[PDB]
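Written below as structure tokens is the structure these notes are about.
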Amino acid sequence: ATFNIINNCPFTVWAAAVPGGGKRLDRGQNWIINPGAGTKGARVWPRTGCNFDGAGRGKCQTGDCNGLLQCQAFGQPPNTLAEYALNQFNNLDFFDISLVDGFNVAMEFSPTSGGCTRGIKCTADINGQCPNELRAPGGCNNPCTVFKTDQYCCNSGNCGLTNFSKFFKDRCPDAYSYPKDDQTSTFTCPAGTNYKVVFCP
């Protein structure tokens with residue numbers, strides 16, 4: 001599996017991936033990663049508002065991963081997430097866009113190879129429309145992050161759509177809006193598919 005991570009936003013985005021690291025992308029720049037077979041628990045995300053020194057150490061306003069350009073850890077919300085697990089189940093990759101850790105930048109997460117043709121987008125103006133309760137510098141947090149209750153965070157295994165997850169779900173129906181939003185947010189492709197993650201598609 002190859003992932004082509006493309007910045008189509010009219011501002012610099014510091015792509016991040018675990019596994020993969022990170023890369024500063026001006027508009028139109030891309031970054032190709034090649035996660036190992038069977039990678040799981042993986043993410044790709046955009047970061048905005050970054051200032052890094054020449055060693056790649058500093059801070060991002062959104063999606064910061066322990067202050068590194070080359071991420072080895074997940075990012076600080078809010079950050080729009082491309083999540084994937086290669087060869088997760090019955091020879092299928094399972095992939096999704098998640099807003100469970102908020103939204104910073106619009107995203108497409110789609111297969112590029114001919115064996116899979118259905119992908120995922122989240123392109124609404126979530127930052128502009130974000131509930132004031134959820135706003136954070138550079139983005140729009142999920143209520144689980146903000147309020148940290150079972151109702152939003154699903155630790156008990158029960159939860160559902162809430163007013164604040166519905167904000168996201170109405171706008172990006174194909175993305176996870178809350179942890180257990182599986183039924184309408186789980187995408188699959190045959191193992192061996194290649195993908196793209198596009199910021200501001």
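A note on labels: chains of the structure tokens are A, B, ... as shown, every chain counts residues from 1, and ligands are counted from 1 in their shown order.
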Tell me, counting only C-alpha atoms, for each residue of range 100-182 of chain A within 8 Å of range 60-68 of chain A, which pair of atoms is nearest and how far apart they are in Å to one decimal, in rows ordered by chain and increasing number, as a Markdown table.
| residue | atom | partner | partner_atom | distance |
| --- | --- | --- | --- | --- |
| A:104 | CA | A:62 | CA | 6.9 |
| A:137 | CA | A:61 | CA | 6.9 |
| A:138 | CA | A:62 | CA | 6.1 |
| A:139 | CA | A:62 | CA | 7.3 |
Residue subset to file, keeping N, CA, C and O atoms, as a compact mmCIF listing (two decimals), in the first residue's frame:
# COMPACT_ATOMS: atom_id res chain seq x y z
N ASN A 104 -9.67 20.04 11.44
CA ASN A 104 -8.89 21.21 11.16
C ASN A 104 -8.96 21.62 9.69
O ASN A 104 -9.13 22.78 9.40
N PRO A 137 -8.32 26.79 18.68
CA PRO A 137 -7.48 27.50 17.74
C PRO A 137 -7.22 26.58 16.57
O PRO A 137 -6.66 25.50 16.69
N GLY A 138 -7.55 27.09 15.39
CA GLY A 138 -7.32 26.32 14.13
C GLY A 138 -8.29 25.23 13.79
O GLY A 138 -8.08 24.53 12.81
N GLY A 139 -9.34 25.02 14.57
CA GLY A 139 -10.21 23.91 14.23
C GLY A 139 -11.41 23.84 15.11
O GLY A 139 -11.87 24.78 15.72
May I have the residues within 10 Å of residue 102 in chain A as a PyMOL selection string, using only C-alpha atoms and disregarding those fewer than 6 positions away in the same chain? chain A and resi 62-63+76-81+126-127+134-136+139-146+168+177-178
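We find CA of residue 182 in chain A and CA of residue 196 in chain A to be spaced 21.4 Å apart.
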Pick from A:130, A:122, A:99, A:9 nearest to residue 48 in chain A, counting only C-alpha atoms: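 So, comparing all the options, the nearest one is A:9.
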Option closest in space to residue 194 in chain A, from A:119, A:111, A:128, A:173 [counting only C-alpha atoms]: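 Closest to residue 194 in chain A, using only C-alpha atoms: A:111.
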Please provide the set of residues having any atom within 12 Å of residue 180 in chain A, restricted to only C-alpha atoms, with same-chain residues fewer than 3 positions apart removed, written as number ranges by chain. A: 98-100, 144, 150-162, 165, 175-177, 183-186
Nearest to residue 171 in chain A, chosen from A:29, A:112, A:129, A:149, with only C-alpha atoms counted in the distances: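 Between A:29, A:112, A:129, A:149, the residue approaching residue 171 in chain A most closely is A:129.
With only C-alpha atoms as the atoms that count, the residue of A:116, A:17, A:25, A:172 with the shortest distance to residue 75 in chain A is A:17.
Of all the residues in chain A, the ones DSSP labels as alpha helix (DSSP H) from the backbone are residues 126, 127, 128, 129, 143, 144, 145, 146, 147, 150, 151, 152, 153, 163, 164, 165, 166, 167, 168, 169, 170 and 171 of chain A.
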Extract, using only C-alpha atoms, all DNA, RNA and protein residues at most 7 Å from residue 16 in chain A, discarding same-chain residues fewer than 4 positions from it, and format them as a tab-separated table (two decimals) with C-alpha atoms, in the first residue's frame.
chain	number	residue	atom	x	y	z
A	21	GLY	CA	6.60	10.81	9.79
A	22	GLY	CA	5.76	14.18	8.32
A	23	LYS	CA	6.41	16.64	5.55
A	44	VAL	CA	-2.55	10.43	8.21
A	45	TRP	CA	-3.50	13.97	9.15
A	46	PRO	CA	-2.90	17.57	8.29
A	47	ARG	CA	-1.29	20.01	10.69
A	71	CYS	CA	5.73	12.39	13.70
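Neighbouring residues of residue 191 in chain A at 6 Å or closer, counting only C-alpha atoms and skipping chain neighbours under 4 positions away, are residues 87, 91, 92 and 93 of chain A.
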Would you output that residue set with N, CA and C atoms, as a compact mmCIF listing (two decimals), in the first residue's frame?
# COMPACT_ATOMS: atom_id res chain seq x y z
N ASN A 87 -5.30 -4.85 5.53
CA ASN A 87 -5.57 -6.26 5.72
C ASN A 87 -6.16 -6.53 7.11
N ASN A 91 -9.06 -10.07 4.23
CA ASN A 91 -8.33 -9.58 3.07
C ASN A 91 -8.80 -8.20 2.62
N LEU A 92 -9.38 -7.45 3.54
CA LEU A 92 -9.82 -6.10 3.29
C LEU A 92 -9.06 -5.12 4.18
N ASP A 93 -8.71 -3.99 3.56
CA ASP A 93 -8.31 -2.84 4.32
C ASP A 93 -9.55 -2.15 4.84
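Nearest residue to residue 169 in chain A, choosing from A:8, A:39, A:123, A:88 and counting only C-alpha atoms: A:123.
Counting only C-alpha atoms and comparing A:96, A:101, A:125, A:133, the residue that lies closest to residue 174 in chain A is A:96.
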When DSSP is applied to the backbone of this structure, which of range 3-143 of chain A are assigned strand (DSSP E)? Write them out as JSON, numbers by chain. {"A": [3, 4, 5, 6, 7, 13, 14, 15, 16, 17, 18, 21, 22, 23, 24, 25, 30, 31, 32, 33, 42, 43, 44, 45, 48, 49, 50, 51, 52, 58, 59, 60, 61, 62, 81, 82, 83, 84, 85, 86, 87, 88, 89, 92, 93, 94, 95, 96, 97, 98, 107, 108, 109, 110, 111, 120, 121, 122, 135, 136, 139, 140]}
Compile the contact shell of residue 108 in chain A as a ChimeraX atom specification: residues with an atom at most 7 Å away, counting only C-alpha atoms, same-chain residues fewer than 4 positions apart removed. /A:120-122,197-199,201
Kindly save the residues from that selection, with C-alpha atoms included, as a PDB file, in the first residue's frame.
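Writing done, so here's result.pdb:
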ATOM      1  CA  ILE A 120     -14.391   9.368   1.462  1.00  0.00           C
ATOM      2  CA  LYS A 121     -14.550  13.126   1.688  1.00  0.00           C
ATOM      3  CA  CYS A 122     -15.224  15.725   4.310  1.00  0.00           C
ATOM      4  CA  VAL A 197      -5.125  11.576   1.300  1.00  0.00           C
ATOM      5  CA  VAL A 198      -5.844  15.041  -0.019  1.00  0.00           C
ATOM      6  CA  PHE A 199      -6.062  18.119   2.119  1.00  0.00           C
ATOM      7  CA  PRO A 201      -9.754  18.432  -1.946  1.00  0.00           C
TER       8      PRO A 201
END
Can you tell me how far CA of residue 33 in chain A sits from CA of residue 106 in chain A, in Å to one decimal?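 Separation between CA of residue 33 in chain A and CA of residue 106 in chain A: 20.0 Å.
You will find CA of residue 97 in chain A at 11.0 Å from CA of residue 181 in chain A.
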